[PDB]
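Positions 673 to 815, 819 to 830 (PDB author numbering) are the ones given, in order, by the sequence shown.
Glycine included, C-beta positions come from ideal geometry on N, C-alpha and C.
Just below is one structure, and these are the notes that go with it.
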Amino acid sequence: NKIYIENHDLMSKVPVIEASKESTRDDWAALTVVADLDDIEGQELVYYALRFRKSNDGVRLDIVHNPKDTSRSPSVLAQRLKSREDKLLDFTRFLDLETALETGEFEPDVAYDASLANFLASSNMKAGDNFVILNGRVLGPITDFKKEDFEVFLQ
């Protein structure tokens, strides 16, 4: 649990696709993708995670933006994505995601940026790293991994 418990601030601010009400408890699982969405390789991972969630409605997906470069507030992209949180399964096209990360004025959330900086240090992962956490299991860094590999780890 301890990852989930120590980080409630951050995890409360990130984009979340809730598992469906009409899925079962045996289907239910918790996927976190942590990705640098300034880079294609991070975006691509999230895209796959989205596609996976689209097919597997027992999963609760949330997405943590974890940029290597911090000159911009991490919280900007995270808010861009959080604003468009309902829309995320309507994506059909890698471009829909790019678009969603491309636009939206937001005021930096410092408390978010702090939360992130904890989460990283206490979870011994670095800024910029791409990884997934699946029901508590950290997998990464990811330096391939597509929606197959999500599927299998669910089994």
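Check, Outcome
"Can you look up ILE735 in the DSSP assignment and give me helix, strand or coil?", "strand"
"Rounding to the nearest angstrom, what Cα-Cα distance links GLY730 and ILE675 in this structure?", "21 Å"
"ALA799 and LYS726: beta carbons closer than 8 Å?", "no"
"Grab me the residues of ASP699's own chain with a C-beta within less than 6 Å of its C-beta, minus the 5 sequence neighbours each way, in chain order.", "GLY730"
"Rounded to whole angstroms, what's the CA-CA distance from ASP819 to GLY714? Just pull it up for me.", "12 Å"
"Hey, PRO746 and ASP785: beta-carbon distance below 8 Å or not?", "yes"
"Distance check for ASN679 and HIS737, CA to CA, integer angstroms please.", "14 Å"
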